[PDB]
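We place every Cβ from the backbone using ideal geometry, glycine too, and count neighbours over all the protein chains shown. All of this is worked out from the model, or read from it or from the source named; no laboratory read-out is quoted.
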Amino acid sequence: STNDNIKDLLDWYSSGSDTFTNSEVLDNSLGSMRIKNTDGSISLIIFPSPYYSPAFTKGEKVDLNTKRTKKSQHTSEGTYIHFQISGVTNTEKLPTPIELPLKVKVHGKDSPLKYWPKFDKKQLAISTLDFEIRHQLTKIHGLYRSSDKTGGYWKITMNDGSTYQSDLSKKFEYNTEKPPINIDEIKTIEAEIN
């Protein structure tokens with residue numbers, strides 16, 4: 001059986017995200033941005049980490065592969081609003097959608113992929129990658145769904161030596177998160193479960 005901490009993580013990781021494209025920067029202030037989405041909804045997004053501090057000016061276009069911090073709401077003027085965290089990248093696309101090299105090992109034994117699509121964006125926020133990764137892990141492999149599957153790590157080995165990783169037991173550290181990366185420069189992605 002799982003501990004209460006685990007459940008909370010499962011919920012977080014099995015509740016999809018909010019993909020938006022070509023949204024407009026309305027306001028950018030320390031810690032957050034007000035961005036007008038294509039469907040006319042307004043997204044209020046927070047960036048807790050001082051390392052990843054969005055610098056687009058009021059007027060620029062940006063993409064969003066983010067998550068909701070709490071239930072979305074309606075304003076007095078009838079506008080729908082979303083409260084999200086991280087996930088704001090520039091608009092540059094890739095000449096051709098590429099598959100990100102993902103490898104998974106459930107308790108040592110390798111396990112072939114499934115919900116693994118390709119991407120079209122030049123850059124992606126690490127949080128985004130984290131939840132994509134974790135999402136497949138949970139949905140497909142059984143992460144957080146059983147006592148014997150409550151931990152591990154995902155490691156992103158870059159083309160230029162640099163590395164990225166997170167503990168599959170703690171909620172991604174949004175507060176210390178590093179800037180977005182160019183997925184075509186990713187060398188490999190590894191994931192392990194215990």
>> Pairs needed: first member in segment 170-194, touching a residue at least 60 places away in the same chain (Cβ under 8 Å); second member anywhere, of a type in the set (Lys, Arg) and part of a loop (DSSP other than H, G, I, E, B); C-beta distance under 6 Å; at least 6 residues apart or different chains.
In response: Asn182/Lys122; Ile193/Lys149
>> One residue is enough: does segment 59-79 have a residue meeting the conditions closer than 22 Å to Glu132 by Cβ, free of Cβ contacts under 8 Å to residues at least 40 places away in the same chain and among the small types (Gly, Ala, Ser)?
In response: yes
> Can you pull out the strands (runs of 3 or more DSSP E) entirely within segment 97-182 that have at least 1 residues that are crowded, with 20+ Cβ neighbours inside 10 Å and in contact with a helix residue (DSSP H, G or I) (Cβ under 9 Å, 6 or more places away or on another chain)?
Replying inline: 102-106, 118-121, 152-158, 163-167
> Counting only residues that are over 19 Å from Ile133 (Cα atoms) and β-branched (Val, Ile, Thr), which one in segment 1-41 is surrounded by the fewest Cβ atoms within 10 Å (Cβ to Cβ)?
Replying inline: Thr38
>> Can you report the number of residues in segment 42-57 which are buried (at least 16 other Cβ atoms within 10 Å of the Cβ) and polar (S, T, N, Q)?
In response: 2
> Could you count how many residues in segment 1-42 are at negative phi and assigned to a strand (DSSP E or B)?
Replying inline: 17
>> Just to be sure I understand the filter: pairs with C-beta atoms under 6 Å, separated by 6 or more residues or on different chains, first member in segment 114-143 and in the same structural domain as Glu192 (by CATH), second member acidic (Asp, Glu) and surrounded by fewer than 20 Cβ atoms within 10 Å (Cβ to Cβ). Which pairs pass?
In response: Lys118/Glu99; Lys122/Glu92
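Going by what's in this entry, would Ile45 be described as in a strand (DSSP E or B) and farther than 25 Å from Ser15 by Cβ?
no
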